[PDB]
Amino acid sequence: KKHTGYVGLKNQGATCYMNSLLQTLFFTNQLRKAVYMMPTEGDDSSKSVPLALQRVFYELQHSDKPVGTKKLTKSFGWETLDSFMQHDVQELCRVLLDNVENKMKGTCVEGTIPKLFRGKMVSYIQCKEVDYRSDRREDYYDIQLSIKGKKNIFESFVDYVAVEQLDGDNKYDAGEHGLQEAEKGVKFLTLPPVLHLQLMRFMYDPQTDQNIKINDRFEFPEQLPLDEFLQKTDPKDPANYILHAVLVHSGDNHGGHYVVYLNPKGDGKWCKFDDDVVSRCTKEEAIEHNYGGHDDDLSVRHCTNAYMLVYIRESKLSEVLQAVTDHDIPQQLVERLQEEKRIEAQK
């Protein structure tokens, strides 16, 4: 009837934020396969988030009509009214991947999430007046990028790795040297196969206790080279990334709507996923149009823009976005699910 090949997700009330994330993770093929692999045989279908994700993924992959997510929200232990509260999509991502990661611990797919999304950074501190240096390596699953005053993703990363002065009110604690003035600089040691970028589109205004969303123009490319920001680069694997998904937030955080644009196969063929409606779109509708900064405009167009970006490493693309067939789904799973399409029938 329509031609996208993909199905949407029904909105339960205010779950657009959840639907955008789910499409985003469903099309992270390698992760979907890992989830299908989780041991859900002896799980209570009403308390199991892993069974709920498997179910949502299976439907998205086989159904020909919008998919529901009530069993998913039920496995979170939520009551119906909880589906009517708006939420931040990056927040859902942090909490969900952590939950699924822990549930994967002890299983054959244990460690899958860190493998796909976790990277490492190095923080360098140095005292200006005392000869003392100290490093700190830290993992990350996404990068919050500074937007204000930044024209694009490059100026943003340049800003992320920029050395800062640990001055006056924030002087560095050396130890036996006490509070000293120092410089702090951050570099990346590794960038993951799948890169999640959170655009810092906020600022807190003291005269309202409110977060006023930053709708300024901020450009991000289809192709994103990041070798410049690695402490040490690798010739056989440059940190060249390809845009996969654009999570778009519309409105002020006084009410908004989430939608996600993806090119599932990483082939530049984009589609827009707005809850139950999946439609083919142009590259510009997914990219440029979500740069933001359309002011003096008295419309929603000004407050509609990219919040979260998903890039996939060029060298990992064919693996991360590997085709998933029924061959990849466990008989035990398929059967349990089809026995449900039954049990919900004769009743």
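Each residue number is its position in the shown sequence, starting from 1.
**Q** Quick one: say whether 204 to 212 or 238 to 246 has the higher mean Cα B-factor in the deposited entry.
**A** Between 238 to 246 and 204 to 212, it is 204 to 212 that shows the higher mean C-alpha B-factor.
**Q** Looking only at CA atoms, which has the higher mean B factor in the entry: 223 to 231 or 178 to 186?
**A** The stretch with the larger average C-alpha B-factor is 178 to 186.
**Q** Name the one of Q126, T73, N263, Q165 with the greatest CA B-factor according to the PDB entry.
**A** That would be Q126, according to the entry.
**Q** At the C-alpha atoms, which of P193, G77, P114, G251 reaches the highest B-factor in this entry?
**A** So the option with the highest C-alpha B-factor is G251.
**Q** Place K283 in the lowest, middle or highest third of its chain's C-alpha B-factors, as listed in the PDB entry.
**A** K283: CA B-factor falls in the highest third of its chain.
**Q** Please place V130 in the lowest, middle or highest third of its chain by C-alpha B factor as given in the entry.
**A** Within its chain, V130 is a highest-third residue by C-alpha B-factor, going by the deposited values.
**Q** Considering only modelled residues of the same chain, in which third does the CA B-factor of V49 rank: lowest, middle or highest?
**A** For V49, whose C-alpha B-factor we compare with every modelled residue in the chain, the answer is the middle third.
**Q** According to the PDB entry, is the CA B factor of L22 in the bottom, middle or top third of its chain, that is, lowest, middle or highest?
**A** As the PDB entry reports it, the C-alpha B-factor of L22 lands in the lowest third of its chain.
**Q** Going by the entry, which third of its chain does the Cα temperature factor of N170 land in?
**A** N170: CA B-factor falls in the highest third of its chain.
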